[PDB]
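Both blocks below hold the same protein chain, though in two forms, and each is given as structure tokens: structure 1 and structure 2.
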Structure 1
């Protein structure tokens, strides 16, 4: 029975439905589950005011604002601001009750429902760790996590030290393993393997030990990319098995400690650190409190044999032959199996919902594809056509939006176009006809259009289960040009800049050259283009390898005339900044000479003086920065509390008057210690 010690069960336990049900309901020590519940509740309590947006609620959900939102379902609408504050208060109470283990099930539901409502209210705030928090809350709703280290055991001692079914830990370990393994499998992509996704990360000072034995490129490739992929692929296997648990624990601890400093991901790293000890023995906290000195062993609750509970069945050779599996046991086993199957299927179900498939598959947030893709937006142009007269107009990019994520998805763009068609009549525009022109680059690559600029999106057809016709395909046959592009970029001076563009056949690009760029030129790399000067009405054709100078403060047009996509580049240098810098440098030397013998210099020298005060900060001990950090956190907490109190009093009693509200809001922004 080497298998029996390797995986904790036998092959005969998975031969029949009854045997599987009996195995998956075996009693277990609930100490580790209780500690994880406590930590997750505490982290969620601390995370609600910061990342969920309680401290910016009065800015986000102002009652009379003109704004376009992006919900998953258009029938879902937000509530008035006071009711939003009430929703956040209920969520906070649920999180606190989950942390303390008081009224566990009701508190779990009270946290779960408003949290998921708020999550579904806005697609542009979806990411992987918020989705993970929702999944964890849903999982913990059905578990017996209040059998230890809780206040439901200090009020009724029958739920004290009572066992739990086996699948409680199995589902959580499966979730963690799924996250790790699917993240690793998603990192089996050509951009990650070749080292394009995170190429500036290795320059951080935290990587300095590794640069003693390796160059910068080797540190970027071997450590950040290949090492991360190997850790993702092996973390679950290392944590599961007993022989390699300590080594894997050290690796994951280092990984999450480094990630907590390299990025700004909220509380994800601490959640992962707290979830790692779920792979140890279910009685490890008992051993931990046993290993403490005996002087600290008389105040903690007495350590006794855990009492039986009805949530788990007991099978013994002597203590009764067995019991028939009740409805609860079969329900739990079915929940475990179906939930794990659904969690495996969902990140790979993009072949059914084709209306959310852009260059990248599906909506972002539930596929564990973290940090694999990076985007750069060069230009966004929105133009409308008046349906009553026919004038052409141009909108500011994102007038009524509160985010920028709409530039990458067709569903969000359709929602935004509908918003604009509804809202523009209030600004003297009749039956608008709206077109979009968006240029994006992904993991370097030439800039190109993502949507068709000749399609009126208001009447464009979109469906959740159909491939979108107006989405442009990604030009993945020009990827091997990236090394040459990097060579060209590095082969320049420190005053000249370059922009690379690839254009589909049949489309043109109208560009206005600013008056500050007197020395600008275009050079063709592939295909063939025809360049037009609008003022002189002159057409000139460029062949591969030849360049052209362009006038400043004028319009010009670039037509792609080849049957295949053509690539060119823009080279320019900002002339005004050149003169500004070369006169400021002369003035500084003149000042030095006058010593030895202008508002612009004033502003520049002030900015560098405060940057040298930042250098002093570098010399200043870290305790000052820690004090500033604590003060900022205290400010945001106090402001959120006071705003919630004001809104709740308005709900319960009524709005007093404008002046009293003004005084209360003025007090709420007091900046306690600055």
Structure 2
């Protein structure tokens, strides 16, 4: 009756006492929308297990006998052998199918939940927001009575056939989606999102073509992409709940998610959010959709009559609340409070803090920070002889996220410490030097390059002392530097560097990179050439021509950070391009009839196009033929029909699913009936990898 009563659905007096709150949170509600969401979520996760979880690639990630450095949340966790991992994924698949079909719902939910979180916590390099969301949804749905409508348990059990469900089942999901939208929006109130730096190059996609009929590219990249996204997050959080705004909110949210699906490669996140969007609608929309159909079709679709009473609700005649109702209310309140708190819990677990806040995955800060790494050097000093050596940047690793987090760096250092003695290295001391820029800033060190990470100190609840601060004082320079980026030719390239007081950088210019120069933008540096031991002190706005093929050091000798730049052009590439262009001009002259004089013998293979019955072509001729073939391939790719691409996509996905199924079969057979001789295994592995055709 009250206006608040219709707007919000509940009256204020319901919150006076615990009993009234429990009765409100356990009132009857229709089960249809929850059942549809359960079906869609189960089906999408079933499709997602062989694609993103990595069951197709599981045989080259956890291969037995290979030594790789793992990054688990807890050091205690260790992967099992490959076959048991295949069994774990089979259990996941069975649980997901059970959730989809509503068959043994609680058991299926547990079988999906526990393996999923095991995989999620086993590796920190595979964390993203849309995996955390799937984990949370699986956790929530374990307790919700979602097997009441369109479920096989209903057919096998009369009491759970089209029955009522309590109201907090919908409330928890609605709150979760609202939290996702709102926290994503508020997290996007950052200086690098409101000013157009994050996703600065996404306005070129053809989906934004109509906007370009009325707005320029720069304006389209700010008003639509950034401010539009932020406003859509906050407004889509609020609007869908209210009755009046549901249609416009649904339209904008659906357009937003379809554009996200096409623009990015996030995966199944867009479809999951689309499936969750109807959940804010009335709890009985599928029933009225079913009713408005022919009777013959209604003979196959689920029941349409009013639901029967359930014992998971409190009815007002009354009925004193039991125990599960109180637990449901407490679970709802505590879970939503924890969900609000966790994204902002970064001041307690300070070990994981960096330039960004906390580990990625549970902050809802999607597509806000972009990083470009320029150089990574790993140096080791032997603990017996004193020799100094250099390792490859990414050895014994499968991801590139260790370059930005202190904990992963410490784990990598310990892994290298335990592995290197297999290669005649005594107790080593490992030093790291990583150059990274976030949102197009100066390249700067992230970690102190004088600290042995093997013996350094790290605890989750105390700040790490060997992470360099982000120099945010140089923020406005991002304008001017960009101008210098646009003043160059098609050959010249520029790299910007900002360095701390006391430190130095030692660099080696390759023989190819002739005509390399160094200019100083701010501060005071001294550049040392070591071939003749000569150092020159550069003032602001002075340029030097560095040697090619030697080592040079740049030292910072000012109390404040110094900013400089390297400008270089590749001489070998330019010379090859010019010679190839001359050759192409001669070829064209021959083709059109000009150059009546005899062709050189080396040119005869070029016209023939095949090396048969003659001397082997020079490397330049081979490069020309390769370039021509690549250009022809690209041209053929461009002039390609859509239907062929669609058929190829279907075939590729078929191959992925086939490989997953066959390899899982091999693993299960090995577990149960033992391992055959090696020849049969080789034959089977050859059979599985066969392309479908």
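Positions refer to the first chain, counted from 1. Between two forms, the rigid core is defined as the largest C-alpha subset superposing within 1.5 Å.
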| property | result |
| --- | --- |
| 2 Å-or-more CA mover between structure 1 and structure 2, where superposition uses the core and the choices are 213, 327, 188, 302 | 302 |
| Residue 555 C-alpha relocation of at least 2 Å between structure 1 and structure 2, rigid core basis | no |
| Core fit, then residue 243 C-alpha moves 2 Å or more between structure 1 and structure 2 | no |
| Is_shifted residue 620 between structure 1 and structure 2 (CA, 2 Å cut-off, rigid core) | yes |
| After superposing on the core, C-alpha shift for residue 463 between structure 1 and structure 2 in angstrom | 0.3 |
| Core-aligned CA shift between structure 1 and structure 2 for residue 293 (Å) | 3.8 |
| Distance moved by the residue 592 C-alpha between structure 1 and structure 2 (core-aligned, Å) | 1.0 |
